[PDB]
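J.: Protein chains in written order, with full-length UniProt numbering: chain A, 2 to 388; chain B, 2 to 387; chain C, 2 to 388; chain D, 2 to 387. Where is the CB? At the ideal position from N, CA and C, for every residue including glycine.
Number of protein chains: 4
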Amino acid sequence: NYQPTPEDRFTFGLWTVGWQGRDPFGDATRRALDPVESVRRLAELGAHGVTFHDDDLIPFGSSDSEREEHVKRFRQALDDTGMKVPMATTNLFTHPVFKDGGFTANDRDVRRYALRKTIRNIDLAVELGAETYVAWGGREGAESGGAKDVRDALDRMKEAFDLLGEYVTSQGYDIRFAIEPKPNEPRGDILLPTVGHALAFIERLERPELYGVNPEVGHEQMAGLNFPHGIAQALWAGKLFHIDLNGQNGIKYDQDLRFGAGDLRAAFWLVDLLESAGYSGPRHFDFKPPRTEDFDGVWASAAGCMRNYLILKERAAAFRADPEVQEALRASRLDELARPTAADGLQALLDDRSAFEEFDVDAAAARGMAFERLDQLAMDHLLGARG
Amino acid sequence: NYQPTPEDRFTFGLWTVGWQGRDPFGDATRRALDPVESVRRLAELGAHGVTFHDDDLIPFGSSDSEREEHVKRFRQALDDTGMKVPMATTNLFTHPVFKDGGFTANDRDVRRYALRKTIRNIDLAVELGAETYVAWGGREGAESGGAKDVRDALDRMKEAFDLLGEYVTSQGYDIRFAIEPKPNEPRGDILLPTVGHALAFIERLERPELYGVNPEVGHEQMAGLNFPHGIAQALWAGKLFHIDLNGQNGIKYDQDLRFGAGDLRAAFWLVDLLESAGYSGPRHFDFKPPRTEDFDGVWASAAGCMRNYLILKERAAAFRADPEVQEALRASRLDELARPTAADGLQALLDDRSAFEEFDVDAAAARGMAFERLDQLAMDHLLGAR
Amino acid sequence: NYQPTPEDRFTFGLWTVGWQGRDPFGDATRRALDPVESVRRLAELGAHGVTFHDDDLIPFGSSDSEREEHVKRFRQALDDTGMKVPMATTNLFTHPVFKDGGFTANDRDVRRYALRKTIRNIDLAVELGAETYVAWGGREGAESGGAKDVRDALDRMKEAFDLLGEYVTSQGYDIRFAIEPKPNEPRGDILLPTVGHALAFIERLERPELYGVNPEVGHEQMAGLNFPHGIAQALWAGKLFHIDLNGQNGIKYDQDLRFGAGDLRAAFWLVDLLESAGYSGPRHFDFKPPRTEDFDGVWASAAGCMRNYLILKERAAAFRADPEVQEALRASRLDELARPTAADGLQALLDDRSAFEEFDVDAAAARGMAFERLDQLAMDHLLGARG
Amino acid sequence: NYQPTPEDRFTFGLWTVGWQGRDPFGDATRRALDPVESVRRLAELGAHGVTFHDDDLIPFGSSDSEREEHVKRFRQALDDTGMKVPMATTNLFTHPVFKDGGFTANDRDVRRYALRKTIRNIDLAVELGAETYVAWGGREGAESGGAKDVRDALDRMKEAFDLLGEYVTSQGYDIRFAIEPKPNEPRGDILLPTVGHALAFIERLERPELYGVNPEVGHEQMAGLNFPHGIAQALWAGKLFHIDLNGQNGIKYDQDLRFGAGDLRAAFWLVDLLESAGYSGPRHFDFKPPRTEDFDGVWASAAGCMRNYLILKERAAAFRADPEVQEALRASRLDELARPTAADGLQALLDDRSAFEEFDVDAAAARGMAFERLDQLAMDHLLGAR
Ligand SMILES: [Ca+2]
Ligand SMILES: [Ca+2]
Ligand SMILES: [Ca+2]
Ligand SMILES: [Ca+2]
Ligand SMILES: [Mg+2]
Ligand SMILES: [Mg+2]
Ligand SMILES: [Mg+2]
Ligand SMILES: [Mg+2]
Ligand SMILES: [Mg+2]
Ligand SMILES: [Mg+2]
Ligand code: NA
Ligand code: NA
Ligand code: NA
Ligand code: NA
């Protein structure tokens, strides 16, 4: 019955199940969770591991002895359960000091602090076994046009990520970075607002091989973009280092619904792509159990994340295995799309009368794509309504 | 005043003033314009030049003789007026053959044809003096998830742009390519949907230096993005080869309103950035006079594009030249943003207790950014209410 | 296997399957369909009936003898098949004369023409058995702020709909009107942009009982609204006279995908609501087979509209019948929502200490809503992944 | 100039200037403001009055004695300055008890409490002189489809508003209610999501004359709607009891920027309409100074709200007073829109061959609307570029 097990690689942030329910218009509806409790409960649900922001695990402003106690307890829970920590990240957004950014704050002293805060937590992430270190620059941006010279901000952004790369290289760490885009919220506009912008920026870093993306379902959907398509571009670039899975209903505030909620067909096509491409990284959920829920509802929502992935995995696999689908894909020329356009080379293409003077454009135009029949097979598979 | 002159480098597509007004739900409201009349009237309005899709200038399916006559007439009008042709592009979207794409059509024979159609028009563009060749892949994408394997499509897209680069290199042409993003419409989702996606894709081409972006105001706004921010990233990357200027009211179909319409404050900040950065390319308008209008309204709308650029240019310049604004920029630490974060280097940063152990976070957090005063000065300048 | 039959009340516009594929950036990809052919093909698919704009059935500008031939042929096909015509409408958007509107064109002569064109087709609709006459004011609106005084436009809009009501009353017709909202496209902003605006406007008409709404899935979704919620408000007002079913992916141009495409979960909740509320009107599809398709794909797409409704109907019925769901609904207090708040009356409420000084707000706040468990039962039912 | 004076009727919520800056992802950046300080500072800035939620003025859970002292201090500051309180409202959204709603909570005991909390504050509002009592049902709605039966919720909503109407009638109060729509946030979808939905709902209440709308600029824009159009429909219905003025950049979270920010041209057309229609209610700002700002930036941002209204008022008045604009309005047949379509009556229309049989559709279609010239005059006026 779609029961997750550790090899399914499902992970959760401490801040997900641990979200107390404060929003822009409301106070907390749930008590804080002890990270130890979350590790044990997630393990019992069949999770593979957890992730954290520095300040989720160690309260901001902790002394070194307080810090070591929080880390010791957490490590004992990880030890006891075999839960992994594949990813961690820095909170560069909550504290008021980051109101204008971390790495791109106009105040230089804040930018330096942001880097030091990040470096401290890289060391901890590495100790705990993380392979990826995520950066969500939620405060990088502006509400007004004069407040932020974006070229200079990108210079600062590059400087910061280059220093982090120099740091991990100097320590011999194999951890890689994953930049997480978001278009807006909490800033009016956030820098590097989409997968594409982040991918482009990475190509201007000194050591681009150390950086990839951590796309989040809902974030690309906040710009009305097709999440599967963006994932395909990330995979095509070799840069899908990690992913955040959740749900979102279109263009509005960041909802962080459980995975499978929001745009269900997009979730189907995402799972189909990840499985077809052989994505091997964590299936990480960055979600918030709605503040209507009590803790039983927290754990139900978490369990639903994993369940929906597994159901969708089964349906996508059935779709791709169905001989009727395989024939529909041929009818729609998906196989021709995989063939090089002109492996014969430029001069042969220029000399090919079949490609121009003798190309019967009308006959080609008349050939239907058969995409609706293919899509209704896909629908039937998703809904368990075959044959 | 605000009267354009050719040195302002304002350009217009033939398809802009020449839009006959057919929409999803409506027939044409205006007759077709002869390209020669558009060249002459835009010259009279103070334009610098014009641009075209192949099929705007030479009707699809024209014989060689027909083609020659269309081109000859056009060149006579250009030569008579001194109008330039800084950019051209291919129509890979109107003909039914392109219903699933040009470069990324599932049908391989269509992909080959798309390349041949493009190459024919690159040759013409070069003869006319174009510096940039635009590509808007408006039919590249899908309405359904199974229809288009996006990784394979990106392989096909790369192969196409690489062949075009090979072609121009083989002919010794100086022309460069500019990819124009759009997120959707006419496809349910279009590949390379934003400036970012196009910039990223370019870095995987074999000769990336030959390709840049042609961002369009309204297209980025159809994804709710900040167009000035995206232009800043394109400038930062050295890839703002060309631009399309127009207006758009948020997230909906592509409106192509005259420049200045739609998001007026975004237009202000865009002009401020282009002028500040020294963008030297064409100020090209890709707009549609609304189908409500007759030809007099066509030419009014075109004149409005240029007028609005010029008004905004004045206001942005006055903003930047105002000592009170310069004071406010300092108060908001725009100057500190330009200083390197850690020119002292990594080790020095690590050893700096003022950056962590002894950093007074509370004192830093208490410092207001003064962004609202700065923005109200910007508003006052925009509105001529100083 | 989810095969539609006439009592399922599925209807289609002539302009749906007959869409030739012209868009803003492209020429037609399919030949025109003879209305006779469409009637016969839709009948063979299990449709209940068809609908039309005047100009779909009789080419604009037809002489009276040409008109009668087109109508005669159509009537013979309806006769032969038993297909019904439950609804018709006017094309007040295609011809250039309507570039600034029909009923709210600034030019008075155009407004009068629009009314005459509409009245002529009301008579035909009535003859053919229509119960509803739809009005989509696609050209009513503006691209710029000075072009349209909206108060005066609403005066004109009211005048027009009042005249139509006076007309149908004068002829003793039992046909009712259904206003179809859309927020934008082809105008920059369209008047009466949502279900709510249309419902409100109707209350200012002289004979409000003669008018309701014809909401379309995709149109409310073009404003990012929840279509099921808007339908619930229409039903609550007694004004769901007709509906247009299709699919849409969020905030963008009007896609008119086949029903079930676009927002699949919204389609589920819509069907659940229509069936639970006992909506008895036509299940009408206003969709466009994508221009990628040939005619085989046209008919496949049409068939998919009906199939998806039927699958969703089955899943919603299973959801509501499941005792586990019935208990989850009780756990979430859906039953309490159905109870009057204060049937004891205002004074009793004011005197009830349990409602204020003695109300334990903390204990109430602590009670989780259990909405995630309920929603995951709903997901499991939609996907055929129970128990 | 553009200096506000009390006669301009500018008002502000205590929660606006008093917003401490907590957002989804961030802690407060400013200390709490004492309501008395806000009254005095807004008076000094030229405001007419202030508004409040119950819990802005009297901390939730305050004892009777505490409550009396908070109210006494506030009234002394009002009386000292002559500031008015034209509107008040209830906080039915912050406390966890309201997590599924107030009036439409699934839990009946919560619904009853919500009503009692509202009624207590209506009494206070009346004592302070409020003419309008706002209701923003920000927690009424759902994140999932099964959670909320919307027809039953609308029954509960109607029952609540009817009880409130019964209450005010029973006490002989003159106060009227204004429902404030919002489409989403904090709920995934909020009930009564737009002006239209609220206007429709009001017509099903037992005493519809007692209820109107309190539209907010940014809320309608979160659905991509045209705010001036929605205000025109509210005015047409006789239901614009109050308004919330602010700025928003399109479809995203509720920004609550200062008025004039966001969609500047929409702000222009809004002011033009309010002034033209003779709206006589408060010009109320529901805005948040960005959390980047310190208190000096709070007061700058508040001053900016009023300044921008005044600049736009000037420019809209100059537009309407310009004989060239009046000419253009005639050219675009705005005057013909005001004439009845068929005052001759139905039969005359039916018998009029000039309306159908002999109507020259082509000649009519050829007549340009001249809307672009009109809009460029409007742009020129807005920008002070005539
Ligand atoms: Ca998120
Ligand atoms: Ca465009
Ligand atoms: Ca539609
Ligand atoms: Ca707001
Ligand atoms: Mg995330
Ligand atoms: Mg493959
Ligand atoms: Mg363009
Ligand atoms: Mg429709
Ligand atoms: Mg019921
Ligand atoms: Mg408000
Ligand atoms: Na939420
Ligand atoms: Na051609
Ligand atoms: Na489409
Ligand atoms: Na209180």
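Listed by chain order, which residues have C-beta atoms less than 5 Å from any heavy atom of ligand 1?
T.: The chain-ordered list of residues whose CB is nearer than 5 Å to some heavy atom of ligand 1 reads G219/A, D255/A and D257/A.
J.: Name the chain B residues whose beta carbon is nearer than 7 Å to that of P341/A?
T.: Near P341/A (Cβ distances below 7 Å), the residues of chain B are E160.
J.: State yes or no: is the beta carbon of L236/A nearer than 9 Å to at least one beta carbon in chain B?
T.: Yes, because at least one Cβ of chain B sits closer than 9 Å to the Cβ of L236/A.
J.: Assuming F360/C and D110/D form a contact by the criterion Cβ under 8 Å, report the distance between their Cβ atoms to the nearest whole angstrom.
T.: About 7 Å separates the two Cβ atoms, so the contact holds.
J.: DSSP three-state call for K85/C: helix, strand or coil?
T.: strand
J.: Under 9 Å, Cβ to Cβ, is there at least one residue of chain D near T293/B?
T.: So yes, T293/B belongs to the interface.
J.: Which residues in chain A have a C-beta closer than 8 Å to the C-beta of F372/C? List them in chain order.
T.: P291, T293, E294 and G298, listed in chain order.
J.: Under 5 Å from any heavy atom of ligand 8, by CB: list those residues in chain order, please.
T.: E217/C, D245/C and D287/C
J.: Alpha helix (DSSP H) containing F269/B: first to last residue?
T.: For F269/B, the enclosing alpha helix (DSSP H) covers residues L265 to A278.
J.: What's the C-alpha gap between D363/B and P97/D?
T.: 30 Å
J.: Could you tell me if the beta carbon of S281/C falls within a distance shorter than 8 Å of some heavy atom in ligand 12?
T.: Judged by the Cβ position, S281/C fails to qualify as a neighbour of ligand 12 at the 8 Å threshold, every heavy atom of the ligand being at least this far.
J.: Got a sec: does ligand 9 put a non-hydrogen atom nearer than 8 Å to the Cβ of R152/D?
T.: yes
J.: Please list the partners that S145/C has in chain D, where partner means a Cβ-to-Cβ separation under 8 Å.
T.: Correct list: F372, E373, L375, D376 and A379.
J.: Please state whether the Cβ-Cβ distance between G147/A and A267/B is less than 9 Å.
T.: no
J.: By Cβ distance, which residues of its chain are closer than 6 Å to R292/A, with the 5 residues on each side in sequence left out?
T.: Result list for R292/A: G22 and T30, in chain order.
J.: Tell me which same chain residues have a C-beta within less than 7 Å of the C-beta of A304/A, skipping the five on either side of it?
T.: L46
J.: Let me check you understand the geometry: is the CB of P291/B closer than 8 Å to at least one non-hydrogen atom of ligand 13?
T.: no
J.: Does ligand 3 have a heavy atom nearer than 8 Å to the CB of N247/C?
T.: yes
J.: Can you give the Cα-Cα distance for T170/D and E181/C, rounded to whole angstroms?
T.: 37 Å
J.: In three-state terms, what does DSSP make of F94/D?
T.: coil
J.: Comparing C-alpha positions only, which one of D24/C, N2/C, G219/C and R140/C sits nearest to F94/B?
T.: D24/C
J.: Examine ligand 9 and report whether any of its heavy atoms sits within less than 8 Å of the Cβ of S277/C.
T.: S277/C: yes, Cβ under 8 Å from ligand 9.
J.: Pull up the DSSP beta-bridge partners for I191/D, would you.
T.: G142/D
J.: Please go through the same chain and pick out, in chain order, the residues whose beta-carbon is closer than 8 Å to the beta-carbon of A179/D, but skip the five residues on each side of it.
T.: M88, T133, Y134, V135, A136, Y212, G213, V214, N215, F242 and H243
J.: So, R368/C versus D295/A, is the Cβ gap smaller than 9 Å?
T.: yes
J.: Using DSSP with H/G/I as helix, E/B as strand and the rest coil, what is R284/B?
T.: strand
J.: Using 8 Å as the threshold, is the segment 334-342 of chain B in touch with the segment 108-128 of chain A, meaning 3 or more CB pairs across them?
T.: yes
J.: Using a Cβ-Cβ cut-off of less than 8 Å, list which residues of the segment 26-55 of chain B approach chain D; keep chain order.
T.: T30
J.: Ligand 7 and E141/B: does any heavy atom of the ligand fall closer than 8 Å to the residue's C-beta?
T.: no
J.: Can you list, in chain order, the residues of its chain whose CB lies under 7 Å from that of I252/B, leaving out five sequence neighbours each side?
T.: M223 and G225
J.: Taking only beta-carbon atoms, is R266/C less than 9 Å away from chain D?
T.: Yes, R266/C lies at the interface with chain D (some Cβ there is under 9 Å from its Cβ).
J.: Name the chain B residues that come within less than 7 Å of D273/C, Cβ to Cβ?
T.: Neighbours of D273/C on chain B: none; closest Cβ ~24 Å, over 7 Å.
J.: Taking only beta carbons into account, state which residues of the segment 234-258 of chain A come closer than 8 Å to chain B, listed in chain order.
T.: The segment 234-258 of chain A vs chain B, Cβ under 8 Å: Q234, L236, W237, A238 and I252.
J.: Let's see if you can read the secondary structure: which residues bound the alpha helix (DSSP H) around residue 390/B?
T.: Outside the displayed range of chain B (2 to 387) lies residue 390/B, so it cannot be described from this structure.
J.: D108/B versus chain C: which residues are under 7 Å apart at the beta carbon?
T.: Per Cβ cutoff of 7 Å: no residues; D108/B is ~11 Å from chain C at best.
J.: Taking Cβ positions, are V86/C and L129/C nearer each other than 9 Å?
T.: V86/C places its beta carbon less than 9 Å from that of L129/C.
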